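Raw structure.cif, mmCIF, C-alpha atoms:
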data_work
loop_
_atom_site.label_atom_id
_atom_site.label_comp_id
_atom_site.auth_asym_id
_atom_site.auth_seq_id
_atom_site.Cartn_x
_atom_site.Cartn_y
_atom_site.Cartn_z
CA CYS A 1 -35.21 -5.73 -4.13
CA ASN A 2 -32.26 -7.59 -2.61
CA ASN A 3 -29.20 -6.07 -0.90
CA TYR A 4 -26.49 -6.01 -3.59
CA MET A 5 -29.12 -4.91 -6.10
CA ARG A 6 -29.94 -2.09 -3.68
CA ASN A 7 -26.31 -1.01 -3.27
CA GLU A 8 -25.65 -0.81 -7.00
CA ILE A 9 -29.14 0.54 -7.78
CA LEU A 10 -29.06 3.38 -5.32
CA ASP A 11 -25.58 3.64 -6.82
CA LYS A 12 -27.38 4.27 -10.07
CA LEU A 13 -29.54 6.75 -8.18
CA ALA A 14 -26.43 8.53 -6.93
CA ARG A 15 -23.81 8.46 -9.71
CA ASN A 16 -26.09 11.10 -11.24
CA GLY A 17 -27.81 12.44 -8.11
CA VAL A 18 -31.18 11.11 -6.93
CA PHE A 19 -31.31 13.47 -3.96
CA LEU A 20 -32.73 11.18 -1.30
CA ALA A 21 -31.21 11.85 2.12
CA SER A 22 -32.38 8.66 3.86
CA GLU A 23 -29.17 6.84 2.93
CA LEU A 24 -27.09 9.92 3.78
CA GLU A 25 -28.43 9.49 7.27
CA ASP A 26 -28.33 5.69 6.98
CA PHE A 27 -25.01 4.94 8.65
CA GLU A 28 -24.26 1.90 6.50
CA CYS A 29 -25.77 3.55 3.43
CA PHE A 30 -24.33 6.96 4.33
CA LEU A 31 -20.80 5.60 4.73
CA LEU A 32 -21.24 3.62 1.51
CA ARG A 33 -22.40 6.71 -0.38
CA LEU A 34 -19.64 9.01 0.85
CA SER A 35 -16.55 6.87 1.02
CA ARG A 36 -17.34 3.59 -0.76
CA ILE A 37 -16.85 5.37 -4.09
CA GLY A 38 -13.24 5.67 -2.92
CA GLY A 39 -13.73 8.29 -0.25
CA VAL A 40 -16.42 10.92 0.15
CA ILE A 41 -15.06 13.02 -2.75
CA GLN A 42 -14.05 12.86 -6.44
CA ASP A 43 -12.12 14.80 -9.10
CA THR A 44 -14.75 17.10 -10.69
CA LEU A 45 -17.69 15.18 -9.42
CA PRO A 46 -21.33 14.79 -10.49
CA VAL A 47 -22.36 16.65 -7.32
CA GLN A 48 -21.42 20.20 -8.12
CA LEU B 1 -17.79 -18.13 -2.40
CA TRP B 2 -15.06 -15.47 -2.55
CA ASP B 3 -15.90 -14.25 -6.08
CA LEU B 4 -18.21 -11.39 -4.98
CA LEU B 5 -15.16 -9.56 -3.63
CA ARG B 6 -14.35 -8.28 -7.11
CA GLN B 7 -17.80 -8.73 -8.60
CA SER B 8 -19.46 -5.64 -7.15
CA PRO B 9 -19.17 -3.39 -4.11
CA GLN B 10 -22.88 -3.87 -4.23
CA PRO B 11 -22.16 -7.61 -4.17
CA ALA B 12 -19.02 -7.61 -2.00
CA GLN B 13 -20.68 -5.16 0.37
CA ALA B 14 -23.90 -7.17 0.55
CA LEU B 15 -22.03 -10.43 1.18
CA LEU B 16 -19.86 -8.87 3.90
CA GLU B 17 -22.97 -7.39 5.52
CA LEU B 18 -25.27 -10.42 5.41
CA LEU B 19 -22.98 -13.44 5.78
CA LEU B 20 -21.56 -12.49 9.19
CA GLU B 21 -24.77 -10.75 10.40
CA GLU B 22 -24.97 -7.10 11.50
CA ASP B 23 -24.48 -7.52 15.24
CA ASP B 24 -24.24 -4.07 16.85
CA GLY B 25 -22.46 -5.13 20.02
CA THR B 26 -19.47 -6.94 21.53
CA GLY B 27 -20.35 -10.28 19.92
CA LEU B 28 -17.42 -11.96 18.15
CA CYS B 29 -19.59 -14.25 16.02
CA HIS B 30 -18.47 -15.02 12.45
CA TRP B 31 -15.14 -13.24 12.92
CA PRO B 32 -13.50 -16.09 10.94
CA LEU B 33 -15.13 -14.82 7.73
CA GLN B 34 -13.73 -11.29 8.07
CA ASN B 35 -10.36 -12.74 9.11
CA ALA B 36 -10.30 -15.09 6.10
CA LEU B 37 -11.21 -12.32 3.64
CA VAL B 38 -8.54 -10.20 5.31
CA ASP B 39 -6.13 -13.07 4.69
CA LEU B 40 -7.23 -13.33 1.06
CA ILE B 41 -6.30 -9.70 0.63
CA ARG B 42 -3.13 -10.41 2.64
CA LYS B 43 -2.14 -13.09 0.19
CA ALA B 44 -2.99 -10.98 -2.84
CA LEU B 45 -0.83 -8.19 -1.45
CA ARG B 46 2.08 -10.05 0.17
CA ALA B 47 2.38 -11.76 -3.22
CA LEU B 48 2.13 -8.43 -5.05
CA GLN B 49 4.98 -7.26 -2.76
CA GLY B 50 7.46 -8.20 -5.47
CA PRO B 51 7.50 -7.69 -9.25
CA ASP B 52 4.93 -10.33 -10.28
CA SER B 53 2.14 -9.08 -12.53
CA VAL B 54 -1.13 -8.71 -10.61
CA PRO B 55 -3.97 -10.72 -12.20
CA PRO B 56 -7.65 -9.76 -11.98
CA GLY B 57 -8.60 -9.35 -8.34
CA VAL B 58 -5.64 -7.62 -6.75
CA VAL B 59 -7.49 -4.81 -8.51
CA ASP B 60 -11.03 -5.87 -7.62
CA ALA B 61 -11.25 -9.13 -5.66
CA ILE B 62 -8.45 -8.48 -3.19
CA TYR B 63 -10.30 -5.22 -2.55
CA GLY B 64 -13.62 -7.01 -2.04
CA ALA B 65 -12.12 -9.60 0.30
CA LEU B 66 -10.45 -6.82 2.30
CA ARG B 67 -13.77 -4.95 2.47
CA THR B 68 -15.22 -8.17 3.89
CA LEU B 69 -12.67 -7.99 6.74
CA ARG B 70 -13.93 -6.46 9.97
CA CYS B 71 -10.60 -6.76 11.67
CA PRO B 72 -11.85 -4.29 14.24
CA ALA B 73 -10.78 -1.88 16.95
CA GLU B 74 -10.45 -2.63 20.70
CA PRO B 75 -7.63 -4.87 22.03
CA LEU B 76 -7.07 -7.32 19.17
CA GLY B 77 -4.42 -9.77 18.03
CA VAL B 78 -1.21 -9.09 16.14
CA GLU B 79 -3.09 -9.54 12.85
CA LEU B 80 -4.97 -6.23 13.12
CA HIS B 81 -1.89 -4.06 13.63
CA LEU B 82 0.08 -6.29 11.25
CA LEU B 83 -2.35 -5.75 8.36
CA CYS B 84 -2.67 -2.09 9.39
CA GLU B 85 1.09 -1.66 9.01
CA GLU B 86 0.79 -3.71 5.81
CA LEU B 87 -1.63 -1.26 4.18
CA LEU B 88 0.32 1.71 5.54
CA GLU B 89 3.90 0.73 4.80
CA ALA B 90 2.24 -0.40 1.59
CA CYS B 91 1.13 3.16 1.05
CA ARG B 92 4.87 3.64 1.42
CA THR B 93 5.25 1.69 -1.87
CA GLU B 94 3.94 1.46 -5.45
CA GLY B 95 3.98 -0.63 -8.63
CA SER B 96 1.32 -3.24 -7.84
CA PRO B 97 -2.27 -2.62 -6.70
CA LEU B 98 -2.25 -2.12 -2.86
CA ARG B 99 -1.68 0.62 -0.22
CA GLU B 100 -3.28 2.24 2.76
CA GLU B 101 -4.42 4.94 0.35
CA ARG B 102 -7.08 3.27 -1.76
CA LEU B 103 -7.53 1.25 1.39
CA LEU B 104 -8.76 4.41 3.09
CA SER B 105 -10.63 5.38 -0.07
CA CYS B 106 -12.91 2.37 0.00
CA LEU B 107 -12.45 1.19 3.62
CA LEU B 108 -14.44 3.58 5.82
CA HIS B 109 -16.76 1.44 7.96
CA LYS B 110 -17.91 0.75 11.50
CA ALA B 111 -15.03 -1.63 12.31
CA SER B 112 -12.22 0.37 10.67
CA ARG B 113 -11.43 3.79 12.22
CA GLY B 114 -9.75 2.18 15.23
CA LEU B 115 -7.79 -0.12 12.95
CA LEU B 116 -6.83 3.10 11.16
CA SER B 117 -5.42 4.41 14.42
CA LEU B 118 -3.53 1.14 14.86
CA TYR B 119 -2.26 1.69 11.32
CA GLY B 120 -1.07 5.10 12.44
CA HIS B 121 0.93 3.57 15.28
CA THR B 122 2.43 0.79 13.18
CA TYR B 123 2.94 3.24 10.27
CA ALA B 124 5.03 5.51 12.43
CA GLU B 125 6.77 2.20 13.15
CA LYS B 126 7.33 1.47 9.42
CA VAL B 127 8.47 4.99 8.52
#
What would you get if you wrote out this structure as structure tokens?
Amino acid sequence: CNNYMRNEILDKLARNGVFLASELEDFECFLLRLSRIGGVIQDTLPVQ
Amino acid sequence: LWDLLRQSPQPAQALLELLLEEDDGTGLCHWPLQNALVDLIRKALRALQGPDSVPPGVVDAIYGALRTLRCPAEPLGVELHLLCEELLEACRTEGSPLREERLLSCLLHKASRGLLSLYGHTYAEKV
């Protein structure tokens, strides 16, 4: 789709864990995924 | 069109990425957009610097405008270190919605680690 739709939709993919590593390599997408949630970590996260 | 700052990090992120173009070089094109969004955050904060109640945006739109600011590394003007010290000496405060802390939380990008170092220098200055 478009760009914002992609950010929040892969965000859907990731708030639960669609394990696709392309973004995690993708410097813009990787930085977004790690830190853009407020840093690369969380409290007791959905990525245990 | 500054309303996508709050609207979504999907939206604020997409606007910051596409409006100024992703130029991977020394080109200074469309720096006014990042500077103006930086200033929008700067207003939202400098105004939050007292006891006034923060309306909607100093909690999402100030953040989006700031995320739209590539006030980058390399030798820059007084604004980069000034806003760096702002976020940092802001992390030396509380009560309204700004700091260097959530700043660092949601402000890890290509044009930001060097500004973070500048924030270190000016934050030693503030402390």
Please identify every residue of chain B that has at least one atom no more than 8 Å from any atom of chain A, counting only C-alpha atoms, and report them as a PyMOL selection string.
-> chain B and resi 8-15+102+104-109
On this file, the PyMOL selection byres ((chain B and resi 20-30) around 12) gives some set of residues; write that set as a list in words.
-> residues 28 of chain A; 13, 14, 15, 16, 17, 18, 19, 31, 32, 33, 34, 35, 36, 37, 68, 69, 70, 71, 72, 73, 74, 76, 110 and 111 of chain B
Can you tell me, as an MDAnalysis selection string, what residues are no more than 8 Å from segment 60-63 of chain B when counting all atoms listed in the file, ignoring any on the same chain fewer than 6 positions away?
-> chainID B and resid 3:7 40:41 44:45
Record the distance separating atom CA of residue 59 of chain B and atom CA of residue 116 of chain B, expressed in Å with one decimal.
->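 That distance, rounded to one decimal, is 21.2 Å.
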What is the distance, in Å and to one decimal place, between atom CA of residue 64 of chain B and atom CA of residue 103 of chain B?
->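 Atom CA of residue 64 of chain B sits 10.8 Å away from atom CA of residue 103 of chain B.
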Find the distance between atom CA of residue 20 of chain A and atom CA of residue 113 of chain B and write it in Å to one decimal.
->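 Here the two named atoms are 26.3 Å from each other.
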